[PDB]
Structures are given as structure tokens and as C-alpha cells.
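In the form deposited in one PDB entry, a lone chain appears below as C-alpha cells.
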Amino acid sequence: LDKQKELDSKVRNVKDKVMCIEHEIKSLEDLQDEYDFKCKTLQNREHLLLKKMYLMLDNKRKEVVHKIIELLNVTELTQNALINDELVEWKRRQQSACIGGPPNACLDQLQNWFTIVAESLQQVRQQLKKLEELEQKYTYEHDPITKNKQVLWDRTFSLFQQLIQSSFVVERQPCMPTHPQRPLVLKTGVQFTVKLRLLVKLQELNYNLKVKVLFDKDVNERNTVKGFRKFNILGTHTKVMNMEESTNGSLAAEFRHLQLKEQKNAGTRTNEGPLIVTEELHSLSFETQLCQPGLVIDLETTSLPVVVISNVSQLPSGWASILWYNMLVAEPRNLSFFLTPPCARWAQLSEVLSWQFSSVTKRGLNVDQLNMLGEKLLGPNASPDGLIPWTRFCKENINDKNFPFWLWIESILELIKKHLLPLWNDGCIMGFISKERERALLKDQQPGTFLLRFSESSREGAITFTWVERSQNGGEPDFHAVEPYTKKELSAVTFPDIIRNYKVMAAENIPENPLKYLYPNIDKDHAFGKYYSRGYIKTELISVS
């Protein structure tokens, strides 16, 4: 918080200097109409006077001018810290937030700094108008209020222009309301929501800024990239900024209804075959203009690159791109990123992987799970420093299968989120376990040998448990694992409930298993007591050998 606290004083300092300067100006204005009055009289009261006038006013004019020049300097130092370090830093954190990292801090802190310096410059402008008013009443050969006159004005337009343009930001990145945890992937036909905001807060600026949403503004990939598709925003291209919309006393503009549709044409005929899969990056630019007498400024800002899809089936793949993008970019951004997808270091990907789980559920991945996935992407010499090609991530088919690494994880996620949350969250699934170590850990010979592992084979995402009773011949019995369960069998029956009754060909008339010790001895039932689903002949579905 140190740096913040220090920027806090630089801003208070600016405000002080501006007020301090306005005082000296009233004192300059009055003190002049005093000397001017005393002059007129002495002239008609005829038909140290001389020294006072022409000498102190000058010292006072010069005095003020110098002080304004000094305020503008400090304003610069302050502004630059505001714009280039604080805003720029807030933005980096936003990127990371979108892909499941720490939550963005509220923009109020930022807004305060901005408007406070925004008001000071507006003030210097007035003080500048006042000074000119004095020269019209009185001037002279080396009148400072005339030389520094022009320089100071212009210099106050810059600081102010810069500051206001930088204050226009995309508070909440584009996103589909049905996908709160997958923000930069917009699907055609559906209407996304974006939130803009001017960190400046200027009363006389409410209901004046008209915002217009544009698509792919200044995007060379349009021409340069082959097959590249074009889209049109559709819903409400424009929306005026208020302070009413957001309960938070702040100037903003939230779009809903915004919607993309293809510009199906011959101009940019499809190529299906062009430079890149439909995971090319686009941008949403927001443009507005502060129009005032003697002032005119155009504000513009754009969202982070977006991915446009036509079917939610293309979302898991689209997400992959945005993880990869934001995981490896910051810098003004490259919409041709995937023409040359830089590799990713594993200490970094492993983390983001865990974020993914901690974003759709209540618990991420721990170290065992991560090493299992790691020797799966980098093999035995898996290492935090190891590099992982984009290709090995979302394109190559993985360990011995018919799907890439990413869609496999994406589908387990989808599998957790719709059928295992409670079990998952309360750590009863160790899903990612090398099949070796599965075996290894199971001479726990507390024959109720339970271990829920996610399937490595399915396109789809399934769960299996592994069995260990005795071999009847000195040999732990053969390490038993049922065919995985996909959404199907699970949607017709909870997973716990199928665990309770896995009876599997059991000669009896009361109790039958292999059930009864969850990991090392958490008692089958005590383990899964919460999760169970506890005139006709009531029945139940059950998995059986």
C-alpha cells in the first residue's frame, strides 16, 4: 500500500497548490483595482504612488505565473503515476481476474485520485481566464501574464486531455451473462454485457458523453489475415453515460443487449483453411467525445481481445485461447497472437489450471493432482520451468487418446460442475491419479478400498472408483476399476447413490458390497452420508458388474 499512500499525498499536494493559487489571484485582482483606482484619482486630483503600482503588481504577477508553472509540473509527476502505474496496474490485475486469478480491487480509490486532479486542472483553466482578464485591464512590456500566457494554457489542455482520455476505462470486460466465469468469449446471436466508466466524475459531464460501440476498429487482421471473419454489433450501438445507473456515485455506462452477427459475404469469402482456426482475436472499441466551448476531446478505450463463436460447443476451445492470451500478454495487444503462440512455462500453466477449478467450484488443484497432470504434459522430467507448446495444450491428442489435453480437462470440469460439486468440493475425489500411484496407495488393505479417479480415456468426462479386496492366494486382488460413468448414467443416478449400492453380483439377503473405506478408512457411509438420495413398488437404479 506504500506506493499508493505516497501517490495519495501527491494528489492532495496538487489540490492544495490549486487553491493556494486561487487565493493569490483574488488578491492580485483586488490589489490591482485598488492601485488602478488610486491612479485615476491622482490624475484628476491634479488637472510612493509610482513605485508601489508598477513594481509590486509585477512581482505578484510573476509570483503567480511561476506558481502555476510549478503546479503543472507536479501535476505531471502525479498524473504519470496515476495513469502509467496505477491504471496500468489495475488493468493487469483485471486480465488476471478474467482468467480466474485474484479479484480486482474496486476502482473507487482510482476514481478519487483522477477526479481530484481533474478538478484542479479545470480550476487552473479558470485562474488562467482570470489572469487574461487582468491584462486586458492592464498590461506592459514585460508583463509575465502575457509571455507565459499562452504556454500555460496549452500545457493545461495536455495534462487534462491526457488525464481524461486515460480515465475512460472498461470497468467490466465483455461477457455473456450465462457465462459469468468465461468473459471474453462472445457467442453470435446472444447478447453480452460490457461496462464502461469515466474515472473523472465531473458534474457538468453527466448526460453529455455519448458512447458508441464499434467492432474491430483499426484491426489489420481484417486484411492481413486470410479467412478472417467480420461481424456487426447489433442491439444498442449507443448508450449515454450517467451517474444514476450505478448506485456507486460514479459516472458509467453498461451495455446489455449488445449482440454480434456475421457479415456473411463475398468480400471476405470463407477459406476454412486460412491462417487460423476460428480462435482469432477481435476487439470491442468504445468511442465518445467531450464536446464543450473551447474544449473538445475524443475518448476511446477497447476491451481485451474477444473470441467470437457461433455454438456453445466452441466455447471450451475459445476459453483455452483467452487463458493462453492473458496468461502470456499484457502489452498493447496483438490480435495475431495465435499466428505464433508462444509456449507457456508450467509453473504458470499449472496455476491457471488450478484457478479454473477454483472458479467453477470451491477447491482448486493441490500439488499431487498438479504433478499428475504435469507428467502428462511434460513427462517424467516435468519441471516448473518446462515449456509447454500451445499445440500440446489445445491441439495434439494427448497420452494415447482421441482428444487434446485441454478438452479433457474442460470436460471433467463440465463433469464436476453438473454432477460432483459436493463430493468434489468436500475432497472425496482425487480425480487425477497416475494409475501407478493409484495401485501403490492401495495396499491399505482395509479392503473397503475406495478411490474416485477421473477417467483419462473419455471424450466426455467420466468418473471411476478403484477396488481392492483380497486375492485369496497372497496377492492383493487385481485392482478393480469399473468402467467410467459419463453424464448419462449420472443424470439418471447421483454418483454417491451408485456408490452406496454398487452391490456387483452379491450372493445374499441383507448386505453386499465392495464398499467401505473411502480413502484410508473414512467409513463408506460416514464418508458419503450427506450425498445419498434418502401404491407402487418403489425402485432404484444401480450399477452392477
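The term rigid core refers to the maximal set of C-alpha atoms that superpose within 1.5 Å between the two forms. The numbering used is simple: start at 1 and walk along the sequence shown.
One more form of this protein should be noted, the form deposited in another entry, which is absent from this view; the next part is about it.
The one residue among 445, 84, 391, 238 whose Cα position changes by 2 Å or more between this form and the one not shown, with the core held fixed by superposition, is 445. Positional change of residue 332 between this form and the one not shown reaches 2 Å or more at the C-alpha, relative to the superposed core. Once the rigid core is overlaid between this form and the one not shown, residue 126 does not reach a Cα shift of 2 Å, moving by less than that. Once the rigid core is used as the reference frame, the Cα position of residue 285 differs between this form and the one not shown by less than 2 Å.
In summary, the C-alpha positions of residue 278 and residue 357 converge in the other form, ending up at least 3 angstroms nearer each other than in this conformation. Look at residue 332 and residue 303: in the other form their Cα atoms come 3 Å or more closer than in this form.
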